[PDB]
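**Q** First the structure, then my questions, so here it is.
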């Protein structure tokens, strides 16, 4: 596999304002290529809060996600999101539930990469 870091920012639906969700993913992320498949690998923090997450490309196709590291002690989850070179953003739809703080909401957010997913190797 070949990999490199990638900067990204989660923005509110319909605005350039940073979404609160930006704080709940680790920065930077990573692009990895293995056997002709590319992934955006990202770490969800406070993983227990994330009841659902779905990622879509700019053609509104849902992208496969795979959990690769579930760190229960740290309450983080590392996932690989299937991408292709040239993707500039992902629509990221979440359902966040935190019963202890009376919180249960769905959000659509716009995850903007600093540059398009690169070709690697």
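By the numbers in Swiss-Prot, the shown part of chain A spans 64-184.
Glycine too: its Cβ is placed from the backbone N, Cα and C atoms.
Pulled the feature table from Swiss-Prot, pasting it below:
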- 75, 82, 166: heme binding site (BINDING)
**Q** With Cβ-Cβ distance below 8 Å and at least 6 positions apart along the chain, what are the contacts of residue 75 (heme binding site)? List them in sequence order.
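**A** Listed in sequence order: 81, 82, 172, 173.
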**Q** Please give the heme site's span as the largest CA-CA distance among 75, 82, 166, to the nearest whole angstrom.
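**A** Output for heme binders 75, 82, 166: max Cα distance 18 Å.
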**Q** Using a 10 Å radius around each Cβ and counting other Cβ atoms from all shown chains, which of the binding-site residues 82, 166 yields the largest count?
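**A** The most densely surrounded of these binding-site residues is 82.
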